[PDB]
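As a starting point, one isolated chain is supplied in structure tokens, in the form deposited in one PDB entry.
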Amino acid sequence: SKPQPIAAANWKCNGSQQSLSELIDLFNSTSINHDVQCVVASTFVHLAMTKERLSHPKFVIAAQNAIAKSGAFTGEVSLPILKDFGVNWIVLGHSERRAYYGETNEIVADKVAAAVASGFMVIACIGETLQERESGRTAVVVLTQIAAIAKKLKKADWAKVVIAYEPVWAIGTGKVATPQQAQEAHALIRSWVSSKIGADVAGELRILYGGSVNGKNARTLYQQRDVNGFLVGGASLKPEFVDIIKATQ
């Protein structure tokens, strides 16, 4: 079969106590008969609320970033503080962090290795920018990015990793990648993994699609052979999210 899908809500830098609670009541009331792991990535400020109010057994709370070690880094949150707080999932390498907060492939590779070592389940994000896609650099970019992460990880380390493919050009622009494009980027990444890591690994690996996924387009994307779930922005702030969940099995 396919490995257990994932339907992850990335709330980004948004919400209010009230708006978010709403969402959570919504989610908590939802029924999900199939095997799927739902993840809610809230801002650090609202990790308390969520963790207290989110009761659905199929959902887990996640952070949206972190640094590897506690210390003199004013403004940042480290993995240790996260763990102590009860958080076991984290999103790392987000294109927004890469494009605006100087996160290079190394920096990402590192946070991931560290996160893995501290025992977290990590969603690592990889993907090309409009300009690279237009140059015909898709394969080199994605493969380089994955290989960066791969370096620091050990075989067994893979059981905690979930890869997120997100074509930067599909980010909050409405330009969703076609199922073809999506499946073609996922198969490539997956070939690399069985080639460099092992087919056993490539087979259990969850690879998500991110980039303007919505209630409507979810089903066809999910229908692809190498598409195991989704990493969702905007629609995740809507009840429509529920639809997204239902499209994966």
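Numbers follow the displayed sequence, beginning with 1.
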Problem - Greater mean Cα temperature factor according to the PDB record, 172 to 180 or 100 to 108 - result: 172 to 180
Practice task
Check the entry's C-alpha temperature factors for 78 to 86 and 126 to 134, then say which stretch has the higher mean.
Solution key: 126 to 134
Handout entry: Top Cα B factor in the deposited entry, candidates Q223, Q37, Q64, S70
Key = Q223
Practice task
Return the residue from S191, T50, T43, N217 that has the highest Cα B-factor in the entry.
Solution key: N217
Completion exercise
Binned into thirds over the chain's modelled residues, the C-alpha B-factor of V162 lands in the lowest
Exercise for the section: Sorting the chain's modelled residues by C-alpha B-factor, tell me whether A147 ends up in the lowest, middle or highest third. Expected result: middle
Practice task
Within this chain's modelled residues, let me know which third the CA B factor of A235 belongs to: lowest, middle or highest.
Solution key: middle
Practice task
Just say lowest, middle or highest third for the CA B-factor of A199 relative to the other modelled residues in its chain.
Solution key: highest
Practice task
Pull the Cα B-factor of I24 out of the PDB entry and bin it into the chain's lowest, middle or highest third.
Solution key: highest
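Here the subject shifts to the form deposited with a small molecule bound, a form of this protein not shown in this document.
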Handout entry: Segment assignment from 168 to 176, 155 to 163, 142 to 150, 99 to 107: heavy atom within 4.5 Å of the small molecule in the entry with it bound
Key = 168 to 176
Handout entry: Exercise: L231 in contact with the small molecule in the entry with it bound, heavy atom 4.5 Å
Key = yes
Practice task
Consider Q183 of the chain shown here, and say whether it contacts the small molecule in the entry with it bound, taking contact as heavy atoms within 4.5 Å.
Solution key: no
Practice task
Could you confirm whether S212 comes within 4.5 Å of the small molecule in the entry with it bound, counting heavy atoms only?
Solution key: yes
